[PDB]
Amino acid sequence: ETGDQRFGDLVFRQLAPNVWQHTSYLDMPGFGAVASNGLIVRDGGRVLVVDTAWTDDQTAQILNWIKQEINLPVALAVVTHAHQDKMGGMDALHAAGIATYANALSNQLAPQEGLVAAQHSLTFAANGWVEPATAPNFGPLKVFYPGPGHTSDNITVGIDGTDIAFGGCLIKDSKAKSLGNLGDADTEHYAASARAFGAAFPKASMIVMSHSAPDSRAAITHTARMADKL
């Protein structure tokens, strides 16, 4: 936590020369603050964002941090499924003029989940890789749909040119006691989807997730083993 920066209500952690983790918190009374993590990636003269914060105001703070610390324009944001911790700040991205992308299924589910859809839809091949025409100019972001797990629409993102891959809410840390929120989950296919994420990015050694600090690939294997028991 030495290299963690407090900026407003958020926390930023540099993971690589060109990759930062953003963390926002939603306080639930009686339970305490709950963190949600996303990514900020520099790609030459532009910035790419993975996931919003819980709220519009927090997402505006992410943009403010990028402006202060990097001072380059945000080209696009990818959001990894239609839940509040990943898409709760879509209006802030749109007000800033940032192009937003999500799984077509995320955009179709967003209204039913109390959310605004992204402005562009990603589609995927039968083996999970994104159709490149739907992800134009994504630079180092390599988007992979691993199959239904935490939700039916959850997607994951490898950062090409680094050893980092983002599992979102599909992957839990190697010490996790449970798979988190399973209310929208596909318990039948979860284990295969977790393993497919590991197989898509087989050389990623730092696994970033939504609700725990970055971990080793033991996050992937532990998650799959928990899901085997479902």
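Start at 1 with the first residue shown and count on from there.
Taking only CA atoms, the mean B-factor in the PDB entry is higher for 24 to 32 than for the other of 185 to 193 and 24 to 32. Taking the PDB entry as given, 131 to 139 carries the higher mean Cα B factor of the two stretches 131 to 139 and 152 to 160. Annotation for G147, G88, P73, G97: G97 ranks highest, by Cα B-factor. Within the listed group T59, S205, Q68, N37, the record reports its top CA B-factor for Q68. In the PDB entry, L179 places in the highest third of its chain by CA B-factor. For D43, the recorded CA B-factor ranks within the middle third of the chain. Only modelled residues enter the ranking. Sort the modelled residues of the chain by CA B factor and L15 lands in the middle third. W54 sits in the highest third of its chain by CA B factor, as recorded in the PDB entry. In the deposited entry, the Cα temperature factor of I220 sits in the bottom third of values across the chain's modelled residues.
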